[PDB]
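Methodologically, a virtual Cβ is constructed for each residue, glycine included, from the backbone with ideal geometry; neighbour enumeration extends over all protein chains shown. The values are calculated or read from the model by the stated rules, or taken from the named source; these are not laboratory values.
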Amino acid sequence: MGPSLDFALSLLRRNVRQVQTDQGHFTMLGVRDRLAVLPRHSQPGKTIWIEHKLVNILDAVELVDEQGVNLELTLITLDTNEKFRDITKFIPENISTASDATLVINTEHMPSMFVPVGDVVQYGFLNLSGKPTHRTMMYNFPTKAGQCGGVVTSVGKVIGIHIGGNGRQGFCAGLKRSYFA
């Protein structure tokens, strides 16, 4: 088994969780320890359904710019026995484009789903909420509903979290290592 399949299947085994909130079904990324990341529009409450179990949320942080602009990412701290495999080494220090990325989706309705989104290129500012959102990237792939929170990966790197699309393109909130220090 080659290294991209193995890396992506490992992500699904250890870091990429099927979750539910009042807003619906999402893909969640566990980053390290009890820290995970979700798309801001999942709006997690005081608790969250993770795969088989209701899990208590100890803290939730909606990430913003040095200028107070929305990054569309919510950091959640979970009341869990589990400590996530630390994957912060695979997250670039700065927001990184990529060639031939795979979007990894994990939801009850779309389990263990692999979508080749192609090249991921710099996009910057986006209208989502609609509220201004910064540090977005874009892939020329018609991403569907239900894929929000899906993990943008290429060659051992985890570079984004899927936050929506326009029927023709998909957009991710860029990841950088410092969000998770």
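Looking at this structure, is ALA173 in contact with a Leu (Cβ under 9 Å, 6 or more places away or on another chain), in contact (Cβ under 8 Å) with a residue 12 or more places away in the chain, within 28 Å of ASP33 (Cα to Cα) and in a strand (DSSP E or B)? When the stated conditions are applied, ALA173 passes them. Note on the stretch 57-80: residues that are over 17 Å from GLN23 (Cα atoms) and not acidic (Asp, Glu) total 12. Scanning the stretch 116-128 for residues that are within 30 Å of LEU58 (Cβ to Cβ) and either without any contact (Cβ under 8 Å) to a residue 12 or more places away in the chain or more than 15 Å from the chain's Cα centre (by Cα) (or both) turns up at least one hit. With the structure loaded, tell me whether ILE95 is farther than 25 Å from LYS53 by Cα, β-branched (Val, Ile, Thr), over 13 Å from the mean Cα position of the chain (by Cα) and not assigned by CATH to the domain that holds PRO39 or whether it fails that test. Judged against the criteria, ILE95 is a match.
Against the list (1) part of a loop (DSSP other than H, G, I, E, B); (2) in contact with a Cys (Cβ under 9 Å, 6 or more places away or on another chain), the condition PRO111 fails is (2). For the stretch 129-163, a residue qualifies if it is part of a loop (DSSP other than H, G, I, E, B), in contact (Cβ under 8 Å) with a residue 60 or more places away in the chain and surrounded by fewer than 17 Cβ atoms within 10 Å (Cβ to Cβ), and the qualifying residues are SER129, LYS131, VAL155, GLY156.
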